[PDB]
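Notes follow once the structure below has been shown.
Heads up, the Cβs are rebuilt from the backbone with ideal geometry, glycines too, and the neighbour counts pull from every protein chain shown. Each value in this text was obtained by applying a stated rule to the coordinates, not by laboratory testing.
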Ligand SMILES: Cn1ncc(NC(=O)c2ccccc2)c1C(N)=O
Ligand SMILES: [Cl-]
Ligand SMILES: [Cl-]
Ligand SMILES: [Cl-]
Ligand SMILES: [Cl-]
Ligand SMILES: [Cl-]
Ligand SMILES: [Cl-]
Ligand SMILES: [Cl-]
Ligand SMILES: [Mg+2]
């Protein structure tokens with residue numbers, strides 16, 4: 001066990017191993033508080049997150065376990081990984097606080113799409129890296145659920161990491177009105193007409209790619225229904241084949257109240273874009289989720305010929321999510337979390 005030291009920063013007590021020095025508060029959310037620090041063991045600048053009320057309810061205890069399991073599994077160049085996890089507690093009986101350590105990230109994709117002139121080469125490389133990370137994530141049967149520019153870290157060499165996995169957290173209030181929190185969501189989950197599945201992440205990538213090409217949000221709806229109307233004007237209303245597949249009766253009743261619309265010509269929407277970029281967008285932004293391109297298929301698209309290497313696009317180890325269907329007490333989720341904290345083995 002390392003030696004820990006205590007300090008109060010912004011009315012919050014931080015008790016951390018001596019290896020972490022020069023702690024500086026950087027932000028706070030409902031999830032917890034975050035400090036930047038220097039890690040003397042690895043030489044990395046790191047982000048240290050202290051979880052807020054991690055075991056206050058069954059829902060919150062299960063969410064803490066879910067986050068730690070996901071972060072411990074992810075080992076890929078284009079996905080956030082876990083450098084360390086620790087607790088100052090010396091036994092399960094005094095266990096109360098959880099701290100998570102990752103590489104410190106600077107700019108997100110917002111900080112570049114608004115502020116840079118991107119060449120087509122930049123778009124190729126950025127979307128390539130998102131799809132490389134997504135192939136890995138999806139190969140473990142994980143769904144990200146919240147891909148958007150603020151959840152993509154980028155550095156000065158245009159290298160990208162996927163962050164901030166959806167932990168089943170977002171509220172109804174946070175999705176209401178003219179809000180970027182909803183602009184990247186697939187139409188079939190915006191009003192919960194389908195269960196989440198991996199194809200919803202590919203919709204998000206299409207929305208992001210379009211915005212990198214044009215500098216503008218693709219579907220900036222003022223509310224759920226305005227946004228659906230923007231989507232259907234671009235990709236058309238459902239055809240007979242998709243209508244037959246749609247399982248939600250609420251979806252069918254409302255959708256068939258709208259006048260039918262054909263799919264638009266994407267070459268007249270994304271004026272001046274690389275024809276190969278337009279072709280890939282047509283394959284991602286498909287209304288019928290069953291027919292969207294997959295991440296593995298998209299990596300082999302000719303738009304990425306300059307970067308695609310099928311020997312350097314790895315898949316993930318299997319990921320056991322059977323805990324999601326389990327009903328446990330608060331203290332049982334807490335004990336499972338404690339076991340995962342003390343069993344952590346750092347990367348080389
Ligand atoms: C079997 N199946 N394949 C696709 C799909 N639905 C859709 O892709 C969809 C898209 C927009 C709005 C609502 C539904 C279904 C289904 N269970 O509804
Ligand atoms: Cl230490
Ligand atoms: Cl990382
Ligand atoms: Cl503790
Ligand atoms: Cl965003
Ligand atoms: Cl479904
Ligand atoms: Cl009509
Ligand atoms: Cl597993
Ligand atoms: Mg985020």
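If residue 63 passes every condition in (1) within 16 Å of ligand 9 (Cβ to nearest atom); (2) within 20 Å of residue 152 (Cα to Cα) but one, which one does it miss?
So residue 63 meets the others, but not (2).
Check off (1) assigned to a loop (DSSP other than H, G, I, E, B); (2) out of contact with any helix residue (DSSP H, G or I) (no Cβ under 7 Å at 6 or more places or on another chain) for residue 63 and give me the number that stays unchecked.
So the condition that residue 63 fails would be (1).
Residue check: is residue 188 over 22 Å from residue 112 (Cβ atoms), surrounded by 14 or more Cβ atoms within 10 Å (Cβ to Cβ) and touching a residue at least 24 places away in the same chain (Cβ under 8 Å)?
Here the answer is yes, as residue 188 does meet what is asked.
Quick one: in the range 165-183, of everything that is in contact (Cβ under 8 Å) with a residue 60 or more places away in the chain and surrounded by 14 or more Cβ atoms within 10 Å (Cβ to Cβ), which residue is farthest from ligand 8 (Cβ to nearest atom)?
169
In this structure, does residue 134 turn out to be outside any loop (DSSP other than H, G, I, E, B) and buried (at least 21 other Cβ atoms within 10 Å of the Cβ)?
Yes, satisfied.
So, in the range 298-313, how many residues would count as being in a helix (DSSP H, G or I) and without any contact (Cβ under 8 Å) to a residue 40 or more places away in the chain?
Qualifying residue count for the region: 1.
Right, residue 154: surrounded by fewer than 16 Cβ atoms within 10 Å (Cβ to Cβ) and on the phi < 0 side of the Ramachandran plot or not?
Here the answer is no, as residue 154 does not meet what is asked.
On the basis of being in contact (Cβ under 8 Å) with a residue 24 or more places away in the chain and either more than 27 Å from residue 10 (Cβ to Cβ) or within 16 Å of ligand 9 (Cβ to nearest atom) (or both), does residue 72 make the cut?
Answer is yes for this residue.
Quick one: residue 90 ticks every box in (1) under 21 Å from residue 151 (Cα atoms); (2) touching a residue at least 24 places away in the same chain (Cβ under 8 Å) bar one, so which box is it?
Among (1) under 21 Å from residue 151 (Cα atoms); (2) touching a residue at least 24 places away in the same chain (Cβ under 8 Å), residue 90 violates only (1).
Looking only at the range 113-143, count every residue that is touching a residue at least 60 places away in the same chain (Cβ under 8 Å) and under 26 Å from residue 175 (Cα atoms) and tell me the total.
So the count comes out to 10.
Only residues that are within 19 Å of residue 133 (Cα to Cα) and surrounded by fewer than 19 Cβ atoms within 10 Å (Cβ to Cβ): list them for the range 84-103, please.
Kept after step one, since they are within 19 Å of residue 133 (Cα to Cα), are these residues of the range 84-103: 102-103.
Selection gives 103 alone.
Count, please, the residues in the range 4-35 that happen to be in a strand (DSSP E or B), more than 12 Å from residue 99 (Cα to Cα) and within 16 Å of ligand 9 (Cβ to nearest atom).
3
Within the range 284-297, take every residue that is farther than 25 Å from residue 262 by Cα and touching a residue at least 40 places away in the same chain (Cβ under 8 Å) and give me the one that is surrounded by the most Cβ atoms within 10 Å (Cβ to Cβ). Spell out the reasoning first.
Filtering the range 284-297 down to residues farther than 25 Å from residue 262 by Cα leaves 295-297.
After this cut, where a residue has to be touching a residue at least 40 places away in the same chain (Cβ under 8 Å) as well, the list is 295-296.
Numbers: 295: 21, 296: 15.
Here the residue is 295.
Hey, can you tell me all the residues within the range 6-40 that are surrounded by fewer than 14 Cβ atoms within 10 Å (Cβ to Cβ) and either within 16 Å of ligand 3 (Cβ to nearest atom) or under 21 Å from residue 91 (Cα atoms) (or both)?
6, 13, 18
Do the conditions hold for residue 316, that is, is it farther than 30 Å from residue 238 by Cβ and touching a residue at least 60 places away in the same chain (Cβ under 8 Å)?
So residue 316 fits the description; yes.
Just checking, does the range 50-58 include any residue being part of a helix (DSSP H, G or I) and either surrounded by fewer than 19 Cβ atoms within 10 Å (Cβ to Cβ) or touching a strand residue (DSSP E or B) at 6+ places or on another chain (Cβ under 9 Å) (or both)?
Scanning the range 50-58 turns up at least one residue that is part of a helix (DSSP H, G or I) and either surrounded by fewer than 19 Cβ atoms within 10 Å (Cβ to Cβ) or touching a strand residue (DSSP E or B) at 6+ places or on another chain (Cβ under 9 Å) (or both).
Just wondering, is there one or more residues in the range 245-267 that are in contact with a helix residue (DSSP H, G or I) (Cβ under 6 Å, 6 or more places away or on another chain) and within 16 Å of ligand 8 (Cβ to nearest atom)?
Checked the range 245-267: no residue is in contact with a helix residue (DSSP H, G or I) (Cβ under 6 Å, 6 or more places away or on another chain) and within 16 Å of ligand 8 (Cβ to nearest atom).
Can residue 293 be described as part of a loop (DSSP other than H, G, I, E, B) and either within 16 Å of ligand 9 (Cβ to nearest atom) or in contact with a helix residue (DSSP H, G or I) (Cβ under 6 Å, 6 or more places away or on another chain) (or both)?
Judged against the criteria, residue 293 is a match.
In the range 193-216, how many residues are touching a residue at least 12 places away in the same chain (Cβ under 8 Å) and surrounded by fewer than 17 Cβ atoms within 10 Å (Cβ to Cβ)? Give the steps one after another, and end with the answer.
Of the residues in the range 193-216, the ones touching a residue at least 12 places away in the same chain (Cβ under 8 Å) are 193-194, 196-215.
Add one more test, that the residue is surrounded by fewer than 17 Cβ atoms within 10 Å (Cβ to Cβ), and what stays is 196-197, 214-215.
Of the residues in that region, 4 qualify.
Out of everything in the range 246-282 that is surrounded by fewer than 13 Cβ atoms within 10 Å (Cβ to Cβ) and assigned to a helix (DSSP H, G or I), what residue ends up being farthest from ligand 1 (Cβ to nearest atom)?
Top of the filtered list is 275.
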